[PDB]
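Notes to accompany the following structure.
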Amino acid sequence: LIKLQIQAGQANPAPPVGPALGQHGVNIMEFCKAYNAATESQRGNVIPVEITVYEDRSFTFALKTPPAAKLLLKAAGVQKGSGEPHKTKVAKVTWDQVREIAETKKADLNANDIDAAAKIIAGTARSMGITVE
Amino acid sequence: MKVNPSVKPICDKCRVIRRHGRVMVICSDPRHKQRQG
Amino acid sequence: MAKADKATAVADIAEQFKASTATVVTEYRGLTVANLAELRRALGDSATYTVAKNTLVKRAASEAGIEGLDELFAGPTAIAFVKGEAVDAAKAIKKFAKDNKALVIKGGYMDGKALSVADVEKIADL
Amino acid sequence: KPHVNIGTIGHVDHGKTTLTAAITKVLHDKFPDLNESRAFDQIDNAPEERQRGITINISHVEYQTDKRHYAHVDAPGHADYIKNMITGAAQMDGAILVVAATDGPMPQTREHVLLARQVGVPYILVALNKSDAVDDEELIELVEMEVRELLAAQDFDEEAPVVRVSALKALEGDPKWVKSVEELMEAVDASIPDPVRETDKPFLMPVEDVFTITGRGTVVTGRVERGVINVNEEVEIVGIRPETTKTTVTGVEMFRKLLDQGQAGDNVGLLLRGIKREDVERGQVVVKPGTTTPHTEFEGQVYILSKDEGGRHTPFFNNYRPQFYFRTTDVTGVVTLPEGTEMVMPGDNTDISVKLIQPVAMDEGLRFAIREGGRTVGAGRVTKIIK
Amino acid sequence: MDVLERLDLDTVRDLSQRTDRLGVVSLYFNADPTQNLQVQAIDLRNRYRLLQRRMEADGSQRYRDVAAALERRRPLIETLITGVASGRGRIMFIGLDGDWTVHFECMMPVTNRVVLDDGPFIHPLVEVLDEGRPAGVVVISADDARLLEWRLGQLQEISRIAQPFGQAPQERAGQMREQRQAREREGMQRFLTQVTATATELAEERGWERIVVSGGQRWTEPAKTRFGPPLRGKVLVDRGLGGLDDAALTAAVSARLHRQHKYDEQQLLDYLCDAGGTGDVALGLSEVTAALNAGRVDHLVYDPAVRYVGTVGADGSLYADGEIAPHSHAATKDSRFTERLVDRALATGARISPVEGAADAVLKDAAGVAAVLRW
RNA sequence: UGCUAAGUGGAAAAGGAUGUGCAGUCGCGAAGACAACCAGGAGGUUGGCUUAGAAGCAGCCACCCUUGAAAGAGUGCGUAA
Ligand SMILES: Nc1nc2c(ncn2[C@@H]2O[C@H](COP(=O)(O)OP(=O)(O)O)[C@@H](O)[C@H]2O)c(=O)[nH]1
């Protein structure tokens, strides 16, 4: 069972993805074709996938949602987060933007309500030193 | 086997016991085995 | 959970019976936390599922007229309070219990009387 | 009694080990003086081999029937069969396909048929297993038809002596099936044509050194592989140089002692006439004329070593340019993968098309190694001489 | 503008990052007096003029203006011939837009070279740094001790100590030869201890790799045996360094360190030969480049004499000649591939060991290039 | 009336240690404390930075939220990750 994050439609290159996918014997160029076809309209969003490998080299995969950490980074426009959070804060994010990111992650979070879901995303922004306003 | 005047539990699995008038440390890791002398 | 916390927890279980139409008692040993999320999401529209210390329930069970259900608080115990109707939650648990086989029902309490496992099964088919 | 190699192939969990056990028991019961039974565990506990670095698990068992000594090879897993059939230190002359009647062929059986056609084992015959547990005649009929078509399509013996046997009951001690096991024995003795002897094949010698001594002249030396040589027998030097040379022997040295003929396996000392050291070098072959031809392109089926065994650590792509090692020397050669493939991970077996840069002798079934950086990174067989 | 000193791999790595809009020209001048200086100067000017001709032959706008820049910087050639110091090997990197001319001089010999790329040519400079690692020299006498440093063929004095446990008894209290000899031996023993302590401290401070100890016919082995376990395996012994002037001292120390460096390189080649076949060493250009792409190379060994060529991908990757990854395309060809290999190895943090003669005997099949995989 | 098990008595330091006797403070516990056995020990997420790589577990900064019986931006071992 392989869990890793791949760019939206740039799975073809091997060295980041190939060797990690080759340990279990899965042939690379077959996966990089199937994955790229499934995730093409979402260009610009890094998207992870759970890869399941069966005993006979045959594999199946299930897609996921782009990371909460990555969605906040582009919602503010900053390239990289702060190296010393709680001291130097790279950007600010309105509470409206937070509830949008919590909405697109709703299929992968614990919270039943949108109120508690937004708090989950707000805690992540505290990790990279992004103010929530 | 380490033979030093000071013996101590290097890891969290070592135990300090007392055999035949000696202080000893016994673990599952053979590097940590040591007696006092 | 010191003495003060035990007094707080025992108060919560006291009101659970009073505000609930009925209760169903089960055990959960072997259910992964992900497997529990299946049951609570299935029961979310109808009932609430909690667990509590076997002894600490009995002290809280003395504040409600449920004095006939002391024998069922042995071993691991998980109790479900049904707030809306009875069949809706019973069918969901009965379906869930058949598959996993690690969920076992010990009894129930409806119409102010203790109830057996074989009787709770028929409530789903009612 | 001409000893002959065979082995079991077929999908895993079809009684290959069990059928070997039955054969051993029956041949020992018929000839307790001659054949000795092998225990089931020894069949199912294959000792590990690491020859040339390649890891294999094989079980070797031997027994003599009334006709000729037999050698029997059985391995636990499919990977062992692929590796052993490809690399092939000792190649079998005929194989038995243990297709159980419960479910007929599965892809593993198809690939065993494919590899058997590839490396060049000539003869194949079937032996349906678990005939006891299957009662319906229609099942065995359909399985027989399917296997017959599978064999015929792969250009094998369309009239293989198919036999129906229950291995488990026969091994247990049931006399109802010891007859079937011994009829396998007699079918194998009738079938599996006897191999041609090495001394019978035409002459062929790989050149190794060009020692030059006083009073005699250049002495091309190399262990004769196939055939026998005679003085005043015209021969051909064919190999890496562009042009073939035609010559004649003038004596055959062995151990400083002259002879008139040299048979296979003899560390001979051919002493040709009108030949100087500048005209022969290691890699060329001395052959009986016309028998063999040089080539620069071909197609083979190789098995690429893994990192653990000591091969590469990364795949290769088109125009991969390793050293190909035949006989006594290696020449570079560009590789082209088949269509529908553009990378070969280590530990995989695959067909490739090779284009060398210096002509060299070959024929279908020749064994060659792949060397890179000075170490072995693969092995295989030759399967088609394109040009 | 920048006559840099104290050259190490950090400075070389940072210097390779410098870039220009048109290009950067790298010049390596062989100022060795033994070979005729005029011949080397004429060869350097010839190579410069040939570069001018090759750039002129294109005739395109960018090529024309960069050629004009080439003939603008002609006098700088002479500025290399009359170097600032008396080094035996000179290097100058000139930017074709800015005025920045990075200058460096050392005593390690070099070969004439004129290159024009998008940045400095640091490869032969890495070889120079390989052949000139620092070392310490300790010359001990019954009267005093002398501590020096050797780096890049240049011998710097560090310190001089005089015998602190020495005095003349002057026959005041029943002196005999035996008592005077005993006193002298004890004093000399303590002096060896003190000098060894000082040299060990200097070694741990300045990062010395080897030490050349010279005590004489009597006091050379005790000095070697004083050094501790971390250092006693890296001490060379020469018994006649005292009484030599600076020229002879530098010559002897350089010869000894060169012998030791060649020995170490041979041992490295033997290790690479032995480890191959276990899968732990990537041999050959194709496998080495694939490992560098994955960032697995913990140690790169290459032959500076071989003229490696290869292909560079569209994402900065490296491939052997002909073999290109399926997804990748637009594979440019790089003819000076050795600089690319060294640059990638530096970018991944590996160790560079250019072995002078690896592709002749041991790694002949691999064409002189090998790497030690991290996993 | 007690203490010592070392022949201490009938030599010695920094320091190491579940030897043993006496006295005095405090935590936890029949709401089940301590030891042991059965089952959970999760999601955002591979937190941010740095790094060839750094995913609880070279290193630096923070150390939130949710479902919950509880589950640490992680107490060890382990892998190049
Ligand atoms: N019903 C039936 N079962 C068999 C017969 N022969 C073998 N088997 C069973 O099928 C299994 C086949 O295993 P096998 O293929 O011999 O293992 P391998 O040869 O090591 O791959 C064995 O465990 C036997 O118990 C048979 O004739 N009839």
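Residues are named by chain letter and number: chains run A, B, ... in the order of the structure tokens, numbers start at 1 in each chain, and ligands are numbered from 1 in the order shown.
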Name the residues of range 4-98 of chain C that fall into strand (DSSP E) according to DSSP on the backbone, using the chain letters and numbers of this document, as JSON, numbers by chain.
-> {"C": [22, 23, 24, 25, 26, 27, 47, 48, 49, 50, 51, 78, 79, 80, 81, 82]}
Got a sec: who's within 7 Å of residue 352 in chain E, counting only C-alpha atoms (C1' of nucleotides), leaving out chain neighbours fewer than 3 positions off, as a PyMOL selection string?
-> chain E and resi 299-301
Go ahead and save the residues from that selection, with N, CA and C atoms, as a compact mmCIF listing (two decimals), in the first residue's frame.
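Writing the result to again35.txt gives the following:
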```
# COMPACT_ATOMS: atom_id res chain seq x y z
N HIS E 299 29.56 9.13 -3.07
CA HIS E 299 30.96 9.35 -3.41
C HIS E 299 31.09 9.17 -4.91
N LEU E 300 31.56 10.20 -5.60
CA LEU E 300 31.74 10.17 -7.05
C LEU E 300 33.23 10.03 -7.35
N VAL E 301 33.58 9.04 -8.16
CA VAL E 301 34.94 8.85 -8.63
C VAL E 301 34.92 8.95 -10.15
```
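Using only C-alpha atoms (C1' of nucleotides) and all ligand atoms, residues with at least one atom at most 7 Å away from any atom of ligand 1 are residues 12, 13, 14, 15, 16, 17, 18, 19, 44, 75, 76, 77, 129, 130, 131, 132, 133, 165, 166, 167, 168 and 169 of chain D.
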Counting only C-alpha atoms, give me one row per residue of chain E with an atom at most 8 Å from an atom of chain A, showing the shortest contact pair and its distance in Å to one decimal, sorted by chain then residue number, as CSV.
```
residue,atom,partner,partner_atom,distance
E:293,CA,A:15,CA,7.1
E:294,CA,A:15,CA,5.5
E:327,CA,A:12,CA,5.9
E:328,CA,A:13,CA,7.5
```
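The coordinates place CA of residue 4 in chain A at 25.6 Å from CA of residue 344 in chain E.
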Could you pull the residues within 12 Å of residue 11 in chain C, counting only C-alpha atoms (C1' of nucleotides), minus those fewer than 3 positions along the same chain, as a tab-separated table (two decimals) with C-alpha atoms, in the first residue's frame?
```
chain	number	residue	atom	x	y	z
C	4	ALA	CA	-13.89	15.79	40.85
C	5	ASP	CA	-14.04	14.54	37.26
C	6	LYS	CA	-15.86	11.38	38.35
C	7	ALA	CA	-18.54	13.62	39.86
C	8	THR	CA	-18.84	15.54	36.59
C	14	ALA	CA	-27.65	10.64	34.89
C	15	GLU	CA	-29.50	12.93	32.48
C	16	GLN	CA	-28.85	10.68	29.46
C	17	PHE	CA	-31.50	8.18	30.57
C	18	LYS	CA	-34.01	10.87	31.55
C	56	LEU	CA	-19.63	4.48	37.20
C	57	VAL	CA	-22.79	3.84	35.17
C	58	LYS	CA	-24.38	1.98	38.08
C	59	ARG	CA	-24.00	5.00	40.36
C	60	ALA	CA	-25.55	7.14	37.63
C	61	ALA	CA	-28.11	4.39	36.96
C	62	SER	CA	-29.37	4.80	40.54
C	63	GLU	CA	-30.74	8.27	39.67
C	64	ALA	CA	-33.18	6.72	37.17
```
Excluding residue 42 in chain C and residues on its chain fewer than 4 positions from it, collect all residues at most 12 Å away from it, counting only C-alpha atoms (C1' of nucleotides), and give them as a VMD selection string.
-> chain C and resid 35 to 38 46 to 49 88 to 96
Generate the output file for the selected residues, C-alpha atoms, as a tab-separated table (two decimals), in the first residue's frame.
```tsv
chain	number	residue	atom	x	y	z
C	35	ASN	CA	-15.27	1.13	12.39
C	36	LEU	CA	-17.04	3.12	15.11
C	37	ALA	CA	-17.45	6.09	12.75
C	38	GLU	CA	-19.53	3.83	10.50
C	46	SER	CA	-31.72	8.62	15.20
C	47	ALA	CA	-29.60	7.72	18.25
C	48	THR	CA	-26.44	8.58	20.18
C	49	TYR	CA	-23.69	6.09	21.04
C	88	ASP	CA	-34.86	3.27	13.06
C	89	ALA	CA	-31.88	2.79	15.37
C	90	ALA	CA	-32.57	-0.90	16.02
C	91	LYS	CA	-32.46	-1.75	12.31
C	92	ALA	CA	-29.16	0.10	11.85
C	93	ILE	CA	-27.46	-1.66	14.77
C	94	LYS	CA	-28.91	-5.05	13.83
C	95	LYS	CA	-27.58	-4.64	10.28
C	96	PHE	CA	-24.22	-3.45	11.63
```
Near residue 26 in chain E, within 7 Å and counting only C-alpha atoms (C1' of nucleotides), which residues show up once chain neighbours fewer than 6 positions away are dropped, as a PDB file with C-alpha atoms, in the first residue's frame?
```
ATOM      1  CA  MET E  92      40.638  34.001 -13.883  1.00  0.00           C
ATOM      2  CA  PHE E  93      36.873  34.141 -14.387  1.00  0.00           C
ATOM      3  CA  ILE E  94      35.677  37.130 -16.421  1.00  0.00           C
ATOM      4  CA  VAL E 114      39.912  28.779 -22.281  1.00  0.00           C
ATOM      5  CA  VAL E 115      36.198  28.083 -21.845  1.00  0.00           C
ATOM      6  CA  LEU E 116      33.048  30.139 -22.430  1.00  0.00           C
ATOM      7  CA  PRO E 120      32.478  29.716 -14.241  1.00  0.00           C
ATOM      8  CA  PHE E 121      34.277  26.491 -15.174  1.00  0.00           C
TER       9      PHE E 121
END
```
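Selecting chain D residues within 10 Å of chain A and counting only C-alpha atoms yields residues 313, 314, 315, 341, 342, 343, 344, 345, 346, 347 and 348 of chain D.
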Report as CSV: every residue of chain F with an atom at most 10 Å from chain A, its closest pair of atoms, and their distance in Å to one decimal, counting only C-alpha atoms (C1' of nucleotides), with rows sorted by chain and ascending residue number.
```
residue,atom,partner,partner_atom,distance
F:42,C1',A:110,CA,9.9
F:43,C1',A:110,CA,6.0
F:44,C1',A:109,CA,6.1
F:45,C1',A:67,CA,7.9
F:46,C1',A:4,CA,8.0
F:47,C1',A:127,CA,5.4
F:48,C1',A:128,CA,4.3
F:49,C1',A:83,CA,4.1
F:50,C1',A:83,CA,8.7
F:55,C1',A:4,CA,9.5
F:60,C1',A:83,CA,8.1
F:61,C1',A:84,CA,4.3
F:62,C1',A:85,CA,5.5
F:63,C1',A:127,CA,8.4
F:64,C1',A:123,CA,4.4
F:65,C1',A:120,CA,4.3
F:66,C1',A:110,CA,5.9
F:67,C1',A:110,CA,5.8
F:73,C1',A:127,CA,8.7
F:81,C1',A:20,CA,9.8
```
Using the selection just defined, write its residues with C-alpha atoms (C1' of nucleotides) as a PDB file, in the first residue's frame.
```
ATOM      1  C1'   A F  42      -7.764   8.024  14.719  1.00  0.00           C
ATOM      2  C1'   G F  43      -8.575  12.302  10.906  1.00  0.00           C
ATOM      3  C1'   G F  44      -6.905  17.318   8.846  1.00  0.00           C
ATOM      4  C1'   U F  45      -1.486  15.614   7.977  1.00  0.00           C
ATOM      5  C1'   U F  46       3.689  13.946   4.779  1.00  0.00           C
ATOM      6  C1'   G F  47       2.032  20.798  10.501  1.00  0.00           C
ATOM      7  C1'   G F  48       5.730  25.015   8.732  1.00  0.00           C
ATOM      8  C1'   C F  49      11.088  25.662   7.586  1.00  0.00           C
ATOM      9  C1'   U F  50      15.696  23.337   6.297  1.00  0.00           C
ATOM     10  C1'   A F  55       6.557  11.675   6.400  1.00  0.00           C
ATOM     11  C1'   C F  60      15.057  24.883  13.910  1.00  0.00           C
ATOM     12  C1'   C F  61       9.725  27.114  14.995  1.00  0.00           C
ATOM     13  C1'   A F  62       5.203  26.582  16.715  1.00  0.00           C
ATOM     14  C1'   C F  63       2.496  22.395  19.441  1.00  0.00           C
ATOM     15  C1'   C F  64      -3.711  23.855  17.077  1.00  0.00           C
ATOM     16  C1'   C F  65      -8.565  21.621  15.890  1.00  0.00           C
ATOM     17  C1'   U F  66     -11.907  17.680  15.191  1.00  0.00           C
ATOM     18  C1'   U F  67     -14.644  12.322  16.111  1.00  0.00           C
ATOM     19  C1'   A F  73       2.294  18.332  16.091  1.00  0.00           C
ATOM     20  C1'   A F  81      12.881   8.718   3.203  1.00  0.00           C
TER      21        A F  81
END
```
